[PDB]
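In the structure tokens that follow, a single protein chain appears in two forms: structure 1, then structure 2.
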Structure 1
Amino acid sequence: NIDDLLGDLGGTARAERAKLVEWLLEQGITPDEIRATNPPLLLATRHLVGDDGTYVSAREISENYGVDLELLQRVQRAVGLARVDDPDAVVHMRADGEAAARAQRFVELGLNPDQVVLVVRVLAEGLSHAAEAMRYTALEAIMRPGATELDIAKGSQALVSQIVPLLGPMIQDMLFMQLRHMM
């Protein structure tokens, strides 16, 4: 039964949530994932940006990718998306752990760890602004008059599915373009 996924909701909101929850289950999402995510609207879109629901600790990342734990935690701080600053706290999205684990390779090439950590810090800040600009841009395109939660979920998955393949190549090209025009 869905009802506990629906909770306190009533009226039109509960009816729209029912049809959304129904579509997500067919999408292969669990009751378990829907409870932990409010609103459940973006569950069939987050996997397109690499959130599969898996979480890891800094120590797991360290051992699994063979990187220095302390350096890793500096990078996690510099990105600044999860707090719990405990090496055994399982609070990092898998893809975030793996991304943070790349930083050490720059260090092994002789780059200064302080400076690497600083770059990550400035990049994260610049990208967090672009992210928010990106969010608004996408919403404008998805959000149409009188749309239900399910309409929005379907429209978001379609649009983000088409955008994601382009975003990676683009950001990469934009970085190298800035690096071509240093001085």
Structure 2
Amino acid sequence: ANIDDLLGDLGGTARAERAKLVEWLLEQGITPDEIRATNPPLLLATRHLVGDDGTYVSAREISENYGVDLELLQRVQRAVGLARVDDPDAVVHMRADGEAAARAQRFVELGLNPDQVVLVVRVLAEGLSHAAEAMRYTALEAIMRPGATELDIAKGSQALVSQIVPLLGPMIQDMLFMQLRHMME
């Protein structure tokens, strides 16, 4: 009788399909608060495969956890452009997003200009946002079968994306270094 709050006003076949999906999501460790916050909730367990762990942090918490400067960390979060509360105490950043932003500081410690490092973050994130869009369409084309229910799609994504994830990191690293070789050549 809990899932009723999570089904809201849905009626008919849509309601029954959502109920099956929600049951499965809760089984994958997805929380009711996550489900309520994501419309539609179909791919939430797939979002966990790419580093969402259901936990959120503030910029201050990130700065104290990794021992990095709060003001530089906030410049980097702005350049990425995915967060939208700039309060250093707002608990709004996915944990893994904070860890990524915390990597900028070491580049500055090694003597790179912070203004230039922040511009590089902006440019990298803009390029990758376009690549991730194309990846989305590519993944959905494989997963979205004719007549598939919401639960069908969620389970199909779980199986396929789990196999893709270990290939992605090494691939993008290799693609970066290919570019670095050719700007030197």
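Only residues modelled in both forms are compared. Whichever C-alpha set is largest while still superposing within 1.5 Å between the two forms counts as the rigid core. All residue numbers here refer to structure 1's sequence, counted from 1.
Note: rigid core superposed between structures 1 and 2; among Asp68, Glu33, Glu132, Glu125, the CA shift is 2 Å or more only at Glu33. Core-aligned Cα shift between structures 1 and 2 at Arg46: this is 1.1 Å. Superposing the two forms on their core, we find that the Cα atom of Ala100 is displaced by 0.2 Å between structures 1 and 2. Every Cα shifting by 2 Å or more, across three or more consecutive residues, marks a moved region; comparing between structures 1 and 2 on the rigid core, the sole such region is 25-38.
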